[PDB]
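*Asks:* Below is the structure I would like to discuss, written out as structure tokens.
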Amino acid sequence: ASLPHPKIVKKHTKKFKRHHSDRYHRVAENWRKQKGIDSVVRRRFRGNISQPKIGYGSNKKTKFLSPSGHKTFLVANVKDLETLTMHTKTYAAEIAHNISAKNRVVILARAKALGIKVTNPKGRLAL
Amino acid sequence: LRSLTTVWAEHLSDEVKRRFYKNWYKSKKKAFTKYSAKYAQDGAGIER
Amino acid sequence: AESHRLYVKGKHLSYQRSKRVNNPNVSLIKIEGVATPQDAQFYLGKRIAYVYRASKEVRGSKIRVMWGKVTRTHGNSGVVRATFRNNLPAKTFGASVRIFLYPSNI
Amino acid sequence: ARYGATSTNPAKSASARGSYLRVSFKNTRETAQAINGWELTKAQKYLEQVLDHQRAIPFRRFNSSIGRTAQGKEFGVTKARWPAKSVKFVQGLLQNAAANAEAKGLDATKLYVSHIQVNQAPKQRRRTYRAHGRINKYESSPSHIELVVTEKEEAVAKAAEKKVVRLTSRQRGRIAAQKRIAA
Amino acid sequence: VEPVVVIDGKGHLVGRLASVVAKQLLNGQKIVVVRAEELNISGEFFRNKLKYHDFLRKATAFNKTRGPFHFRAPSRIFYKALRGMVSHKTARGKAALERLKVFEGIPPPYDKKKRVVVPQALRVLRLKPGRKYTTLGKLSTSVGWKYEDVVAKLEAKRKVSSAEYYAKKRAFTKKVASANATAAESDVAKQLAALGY
Amino acid sequence: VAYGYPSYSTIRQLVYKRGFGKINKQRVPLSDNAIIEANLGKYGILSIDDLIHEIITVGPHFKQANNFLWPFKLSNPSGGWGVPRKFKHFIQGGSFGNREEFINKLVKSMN
Amino acid sequence: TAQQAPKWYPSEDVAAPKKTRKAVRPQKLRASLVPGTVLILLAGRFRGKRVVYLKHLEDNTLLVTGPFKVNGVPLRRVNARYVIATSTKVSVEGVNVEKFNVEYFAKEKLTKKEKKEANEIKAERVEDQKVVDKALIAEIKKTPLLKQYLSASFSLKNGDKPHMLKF
RNA sequence: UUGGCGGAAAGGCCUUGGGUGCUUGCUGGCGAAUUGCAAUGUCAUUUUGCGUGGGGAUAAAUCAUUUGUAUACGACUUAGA
RNA sequence: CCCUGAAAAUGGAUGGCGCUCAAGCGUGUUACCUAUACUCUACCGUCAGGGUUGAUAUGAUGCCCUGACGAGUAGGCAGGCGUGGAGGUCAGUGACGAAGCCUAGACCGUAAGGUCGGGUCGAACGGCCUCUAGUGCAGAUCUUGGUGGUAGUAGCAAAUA
RNA sequence: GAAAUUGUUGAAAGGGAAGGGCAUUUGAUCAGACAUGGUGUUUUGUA
Ligand SMILES: [Mg+2]
Ligand SMILES: [Mg+2]
Ligand SMILES: [Mg+2]
Ligand SMILES: [Mg+2]
Ligand SMILES: [Mg+2]
Ligand SMILES: [Mg+2]
Ligand SMILES: [Mg+2]
Ligand SMILES: [Mg+2]
Ligand SMILES: [Mg+2]
Ligand SMILES: [Mg+2]
Ligand SMILES: [Mg+2]
Ligand SMILES: [Mg+2]
Ligand SMILES: [Mg+2]
Ligand SMILES: [Mg+2]
Ligand SMILES: [Mg+2]
Ligand SMILES: [Mg+2]
Ligand SMILES: [Mg+2]
Ligand SMILES: [Mg+2]
Ligand SMILES: [Mg+2]
Ligand SMILES: [Mg+2]
Ligand SMILES: [Mg+2]
Ligand SMILES: [Mg+2]
Ligand SMILES: [Mg+2]
Ligand SMILES: [Mg+2]
């Protein structure tokens with residue numbers, strides 16, 4: 001249903017983990033660059049973790065594309081979803097976490113009426 | 001050197017087979033009882 | 001007949017490697033009966049299947065297959081380089097592998 | 001309420017617990033692990049034999065630099081002790097749980113200790129006095145102990161999933177040929 | 001090409017045979033070596049005796065039970081010479097060493113199977129005539145191997161029995177050759193010759 | 001550097017396979033006579049063979065013709081360098097120096 | 001709102017492809033494949049069976065018959081890349097293979113809704129096979145042992161080296 | 001089924017008799033297809049459990065007590081129907 | 001070339017194994033192995049040179065064409081991610097469950113980070129354009145508070161019982 | 001009602017550390033795409 005696109009290529013699927021985030025608990029996994037003078041990671045010794053850098057940039061024709069082939073868009077109520085009326089083939093709507101179940105029902109009903117794809121048509125569904 | 005076979009006597013005294021038990025007082029004392037049955041025929045299992 | 005083999009036997013030796021660095025994307029294969037690149041030149045382009053067994057049944061069988069091709073000769077003793085859809089698990093070093101006769105050229 | 005993680009039938013189970021018990025945590029843990037999954041009367045008899053040094057509690061985890069004993073052979077271990085205090089508290093809770101099971105209307109004969117756990121309780125701190133006028137902590141390690149008894153059941157169930165299968169066309173042809181050439 | 005390979009160790013060089021067997025093991029071929037006491041080492045006897053003695057001196061200072069063990073049996077000497085030829089500290093190495101069995105003399109069932117030799121590791125084809133060489137069994141007994149006499153006795157017995165075996169085999173093959181000769185100069189033999197058989 | 005006297009075949013090979021012009025400070029592949037017409041039409045050069053002839057026969061406009069060509073980007077020789085060690089003079093059995101006429105084989109291998 | 005808006009949206013119109021210049025022209029099949037040569041099947045149900053080659057079809061394929069009477073391989077279509085051409089030659093003049101073509105073999109795939117686990121042949125295929133093979137075996141019966149040769153199955157033995165073998 | 005030989009890790013080798021299936025040594029007849037143009041196209045052994053029905057046999061060790069040829073505790077040596 | 005000359009302390013090192021018409025030494029010829037090196041291709045970014053105001057439709061700081069280039073501490077600059085609070089807007093979310101917390105469940109971004117699914121929870125919170133700062137932590141024998149291993153360990157033995 | 005730390009249950013590995021990088025086997029677990037417009041009425045609620 002999505003607009004046709006080339007094959008999706010990422011060049012690096014592994015999340016970049018902060019050095020020694022696996023060794024000390026106080027070192028969070030959020031990536032920080034090592035500014036040490038004798039740090040092997042900064043000196044890029046063979047056998048150590050790879051640092052994030054611009055060479056891993058994604059293809060501009062592929063950037064921000066979901067595996068389904070759409071660009072994700074956050075929606076908060078019915079009025080926002082009407083901004084995607086003529087853009088079904090490229091954008092997909094996603095209900096914000098802070099949306100009540102009753103409002104989610106009408107959101108999903110409207111999206112199905114207009115053929116808008118919904119990434120999470122299961123949030124807060126009672127069954 | 002390796003031991004290949006062992007041939008025992010037909011009858012054993014009480015004192016010798018007590019070596020084979022860590023608790024002689026509560027036991028059936030069935031030591032070499034079926035080996036004793038290897039005798040009672042001339043030489044079948046022993047002379048061989 | 002008693003023999004139903006339509007492939008030549010091979011042994012997965014090692015990955016492409018230097019002293020300290022190996023490249024899992026390329027594998028080295030030794031074919032029985034080949035001792036020179038000129039004879040191995042016949043065997044390029046053939047399909048290679050690695051046949052292993054698993055406990056869990058996937059789609060009706062205990063047998064799962066790795067499919068790959070030879071790319072070029074290697075060295076002066078008829079060893080060849082082979083690549084697969086998925087690189088061999090590196091536990092198969094010295095395991096027997098199957099080299100078929102297709103695509104044939106004769 | 002709100003016991004630990006259990007997988008039993010709550011209708012066929014009875015529970016008892018104790019909170020803030022001034023008794024060494026490590027000894028209570030090692031005691032509890034000694035009777036886990038045991039038959040109730042068998043466990044009580046075991047505890048009685050422990051109190052008079054006829055059997056011992058094998059210390060698996062909290063056992064550094066303790067002695068050895070020949071009574072650990074039963075458990076294939078060499079480090080065992082006789083923590084009387086923990087034994088007394090545990091058997092008190094066992095009596096309480098048996099009484100609760102009797103109240104619920106359980107047969108009192110196929111009960112086994114299905115669940116039991118010991119976790120640390122808040123410390124009770126005192127002062128100890130060291131050389132050169134220094135002061136160090138001196139506290140107890142109390143325990144929260146909880147256990148659930150359950151009747152032993154027969155074989156649970158059988159007849160698992162149907163295990164649907166998908167066959168290729170060529171596999172279908174192979175099976176058809178095999179069934180045709182055979183019976 | 002073979003399930004297992006039995007190599008007759010007589011007349012071979014320790015180092016070259018060791019390298020060949022190591023490469024075969026790393027390739028996945030099961031190997032068993034027999035008659036380790038007839039492996040030959042290039043060089044005069046006293047030279048390798050001094051080499052082994054210098055090897056003996058090397059041991060852990062503070063505890064001799066955990067130092068380099070100095071095995072004395074010829075099979076064990078070969079096994080040591082081969083073990084440093086393989087990355088034995090890896091699981092691949094350990095599996096590779098598990099495919100090898102090194103034997104003194106020619107033991108049971110391997111006595112009834114065909115033995116093979118490695119031409120590129122043989123003494124006669126590798127050593128210039130006039131060069132001195134050693135016999136592994138002699139060196140091993142010089143450095144402490146105890147069982148030279150028993151293996152000699154057992155090999156004498158084995159050689160005798162194999163001699164009666166080969167006598168019968170030759171007798172039967174003579175009949176086979178006579179029958180084949182009679183069956184020749186017939187049509188079938190003529191098209192076999194015409195087609196190369 | 002390794003240098004020598006090139007042949008007509010070798011220069012033809014270079015200009016055909018790796019032929020790039022310096023047009024407005026850019027490296028444009030030739031691939032067509034129109035580019036050479038536009039950029040060298042002043043100096044009587046009209047086709048790629050005109051460039052070839054201006055090279056091999058060092059003409060009055062050899063300087064501009066040569067400076068027009070972007071420096072050739074050659075690969076490593078296909079058959080190898082022929083010698084075990086490179087950085088000694090060709091007379092010493094090395095690779096650099098004035099290998100006067102054997103440069104044709106080396107350049108063909110490297111192209 | 002949760003996510004404000006994209007200022008520009010990509011165009012929804014699909015573009016046409018460029019004019020491809022890859023024309024199609026027929027195969028240059030290898031010279032060893034001559035109508036009437038004996039082949040070996042390297043793959044499929046009938047792998048290893050020695051067979052006869054008849055005609056080069058339009059979808060870059062070879063028409064093949066056993067003969068079905070000798071070994072049980074019927075009129076079947078194969079691909080030249082999975083067979084080996086022998087030096088044994090069978091004179092195939094006098095047989096009308098022009099009737100067979102690509103649409104002579106159609107599969108008639110069933111609807112996905114209908115799936116059968118329990119489970120036939122067309123009579124016309126049977127009679128064409130019976131006509132063709134009875135004409136061929138008139139010629140195979142000339143050369144001795146070749147009927148048995150076709151009944152036999154190809155198989156590699158120990159010591160066979162295909163790079164040095166001849167077919 | 002008969003008889004030998006083999007103890008280096010024998011655990012195998014040879015041998016008598018009869019029966020049985022096959023035999024492409026040679027000549028015939030019938031079947032193969034649809035797995036649709038290839039997708040290892042599954043055929044080996046390794047261990048265990050549960051069932052059947054057929055034989056075969058009905059123990060010890062430890063704790064506890066005791067000893068002192070032993071001992072920090074373990075351990076060792078003893079003894080107790 | 002080899003040998004004597006040639007003696008030091010833990011056991012030991014042509015890297016090890018081992019190597020004698022060598023797997024040693026001098027020399028020649030090839031074939032082969034491989035670096036983040038060279039050739040080509042794709043993609044990311046930067047820089048440079050160019051095209052494109054025509055009506056209709058979005059972004060002229062937009063879109064597009066061409067070539068080259070890409071290491072880096074101290075340091076400089078630029079573009080961005082995030083936090084507390086202010087103005088404006090989305091007549092934004094919300095007791096039919098906001099914030100917070102947990103989640104080898106998912107998605108997006110090279111990344112700073114953002115979004116969702118599930119559990120807990122009960123009262124406030126967010127996106128965007130700007131303003132403002134007591135705005136981003138692993139170190140400072142950092143401050144305060146809490147918790148471990150050591151460890152059921154050292155030990156609880158003067159003053160006769 | 002977070003973390004350090006601990007208890008219970010489940011999974012897994014463990015021959016003088018563990019932790020990490022590349023690739024893959026094996027196990028566990030997870031998403032998407034599989035309506036498309038359309039010939040068309042072999043049609044029911046007849047559009
Ligand atoms: Mg951490
Ligand atoms: Mg430095
Ligand atoms: Mg200790
Ligand atoms: Mg102590
Ligand atoms: Mg004090
Ligand atoms: Mg004081
Ligand atoms: Mg080459
Ligand atoms: Mg070189
Ligand atoms: Mg000297
Ligand atoms: Mg070397
Ligand atoms: Mg030399
Ligand atoms: Mg490379
Ligand atoms: Mg909430
Ligand atoms: Mg976590
Ligand atoms: Mg309130
Ligand atoms: Mg501050
Ligand atoms: Mg901190
Ligand atoms: Mg710092
Ligand atoms: Mg501090
Ligand atoms: Mg103490
Ligand atoms: Mg004191
Ligand atoms: Mg609270
Ligand atoms: Mg925690
Ligand atoms: Mg240890």
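Neighbour counts are summed over all protein chains in view; Cβ atoms, including those assigned to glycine, are modelled from backbone coordinates with ideal geometry. Laboratory data are not the source of any read-out in this text; all were calculated from the coordinates shown.
*Asks:* Out of all the residues in the stretch F:64-76, which are more than 10 Å from RNA strand I (Cβ to nearest atom) and either within 14 Å of chain C (Cβ to nearest Cβ) or not polar (S, T, N, Q) (or both)?
*Replies:* Result: F:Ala65, F:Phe68, F:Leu69.
*Asks:* Output the number of the condition that G:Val102 fails; it satisfies all remaining conditions of (1) in contact with a helix residue (DSSP H, G or I) (Cβ under 6 Å, 6 or more places away or on another chain); (2) near RNA strand H (Cβ under 9 Å from one of its atoms); (3) not hydroxyl-bearing (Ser, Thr, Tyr).
*Replies:* Among (1) in contact with a helix residue (DSSP H, G or I) (Cβ under 6 Å, 6 or more places away or on another chain); (2) near RNA strand H (Cβ under 9 Å from one of its atoms); (3) not hydroxyl-bearing (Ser, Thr, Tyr), G:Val102 violates only (1).
*Asks:* Could you please tell me which pairs satisfy a Cβ distance under 7 Å, a separation of 6+ or placement on different chains, a first residue in the stretch G:84-99 that is under 20 Å from G:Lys141 (Cα atoms) and away from every other protein chain (no Cβ under 14 Å), and a second residue that is of a type in the set (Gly, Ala, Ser) and assigned to a loop (DSSP other than H, G, I, E, B)?
*Replies:* Taking only residues 6 or more apart or on different chains, the pairs are G:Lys89/G:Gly36; G:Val90/G:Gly36; G:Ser91/G:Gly36; G:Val92/G:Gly36.
*Asks:* What strands (runs of 3 or more DSSP E) lie completely within the stretch C:48-106 and have 1 or more residues being more than 14 Å from every other protein chain (Cβ to nearest Cβ)?
*Replies:* C:63-74, C:79-84
*Asks:* Hey, another quick one. How many residues are crowded, with 16+ Cβ neighbours inside 10 Å and over 16 Å from the mean Cα position of the chain (by Cα) when one looks only at the stretch D:64-92?
*Replies:* 10
*Asks:* Looking at the stretch E:78-104 only, could you name the residues that are in a loop (DSSP other than H, G, I, E, B) and within 14 Å of chain C (Cβ to nearest Cβ)? Walk me through how you get there before you give the answer.
*Replies:* First pass over the stretch E:78-104, keeping only residues in a loop (DSSP other than H, G, I, E, B): E:84-90, E:99, E:103-104.
If the condition is that a residue be in a loop (DSSP other than H, G, I, E, B) and within 14 Å of chain C (Cβ to nearest Cβ), then E:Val86, E:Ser87, E:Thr90, E:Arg99 are the ones that fit.
*Asks:* Give the stretch A:84-106 a look and list any residue that's more than 11 Å from chain G (Cβ to nearest Cβ) and crowded, with 19+ Cβ neighbours inside 10 Å, or say none.
*Replies:* A:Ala92, A:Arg104, listed by residue number.
*Asks:* Answer with yes or no whether D:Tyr20 is within 23 Å of D:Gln120 (Cα to Cα) and loosely packed, with under 12 Cβ neighbours inside 10 Å.
*Replies:* It is true that D:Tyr20 is within 23 Å of D:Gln120 (Cα to Cα) and loosely packed, with under 12 Cβ neighbours inside 10 Å.
*Asks:* Continuing with this model, one more query. Hey, G:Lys147 hits all of (1) within 19 Å of G:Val90 (Cα to Cα); (2) within 14 Å of chain C (Cβ to nearest Cβ) but one; which does it fall short on?
*Replies:* For G:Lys147, the exception is condition (2).
*Asks:* Also, I was wondering about something else. Considering only residues that are in contact with a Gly (Cβ under 9 Å, 6 or more places away or on another chain), more than 13 Å from RNA strand H (Cβ to nearest atom) and in a helix (DSSP H, G or I), which ones fall in the stretch E:134-171?
*Replies:* E:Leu136
*Asks:* In addition: For the subset of the stretch F:79-108 comprising residues that are more than 13 Å from F:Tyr3 (Cβ to Cβ) and away from ligand 8 (no atom under 16 Å from the Cβ), which member is farthest from the other protein chains (Cβ to nearest Cβ)? First the steps, then the outcome.
*Replies:* The first filter runs over the stretch F:79-108 and keeps only residues more than 13 Å from F:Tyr3 (Cβ to Cβ), leaving F:79-88, F:91-94, F:105, F:108.
Remaining after also requiring away from ligand 8 (no atom under 16 Å from the Cβ): F:91, F:105, F:108.
Values: F:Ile91: 31, F:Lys105: 23, F:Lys108: 22 Å.
The extreme case among them is F:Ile91.
*Asks:* Still on this structure, please answer the following. Sort out for me the strands (runs of 3 or more DSSP E) sitting completely within the stretch D:72-183 that have 1 or more residues that are within 30 Å of D:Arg22 (Cα to Cα) and aliphatic (A, V, I, L, M).
*Replies:* Passing ranges, in order: D:111-120, D:134-140, D:143-151.
*Asks:* Is it the case that D:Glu161 is within 14 Å of chain C (Cβ to nearest Cβ) and either touching a strand residue (DSSP E or B) at 6+ places or on another chain (Cβ under 8 Å) or exposed (fewer than 11 other Cβ atoms within 10 Å of the Cβ) (or both)?
*Replies:* For D:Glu161, the condition - within 14 Å of chain C (Cβ to nearest Cβ) and either touching a strand residue (DSSP E or B) at 6+ places or on another chain (Cβ under 8 Å) or exposed (fewer than 11 other Cβ atoms within 10 Å of the Cβ) (or both) - is met.
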